[PDB]
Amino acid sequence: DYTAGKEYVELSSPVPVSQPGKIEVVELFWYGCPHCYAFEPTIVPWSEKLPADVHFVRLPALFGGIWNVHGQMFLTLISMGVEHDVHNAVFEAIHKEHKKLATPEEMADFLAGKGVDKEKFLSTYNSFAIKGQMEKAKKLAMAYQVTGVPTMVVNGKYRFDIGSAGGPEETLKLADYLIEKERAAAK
């Protein structure tokens, strides 16, 4: 029922996916983005129920300043294997508890309260590997031609957001539709 050019657009230059062989679903986000926070109760449970051939990932939008700092925190937590465990807490700290989480010392101190090893967080945050991950995330957002958040990209090919889909539920229904489109495709 959806129409290319209306609720979603097809990227004329499709982008490689992070896990070849799975249908990718990317949510570009920023931890400090209030619409992103408000979307969480919709996208979180949906993301946890996806089938075995779908790979859902969040990608931080590194659009400068505090977005880069918060994005670097995200990527650090992913590298440490703990983002999923502290994800809701980071959103709640920023939006309900008034925590800025604006420097790695502040981040580490907060995250220690949630069980995260502070010395490993700081070493990882400042690591050369994370410099590479930051660059890759930047380049992906450029390739998706994304200019704000939250924005969804399915299989490196289809871009849409809450406004274009027509609401938060509609965004997930559209994602589901596009996932089926890609599952049906020749390979």
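One-based numbering along the sequence shown.
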Select between 6-14 and 175-183 the stretch whose C-alpha atoms have the higher average B-factor in the entry. 6-14
Mean CA temperature factor from the deposited coordinates, higher in 25-33 or in 142-150? 142-150
Determine which member of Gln133, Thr124, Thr42, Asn155 has the highest CA B-factor, using the values in the deposited entry. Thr42
Record-listed C-alpha B factor of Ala89: chain third: highest
C-alpha B factor of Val54, ranked within the chain: lowest, middle or highest third? lowest
Quick one: classify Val82 as lowest, middle or highest third of the chain based on its Cα B-factor. highest
Consider only the C-alpha atoms of the modelled residues in this chain, order them by B-factor as the entry records it, and name the third containing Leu75: lowest, middle or highest. lowest
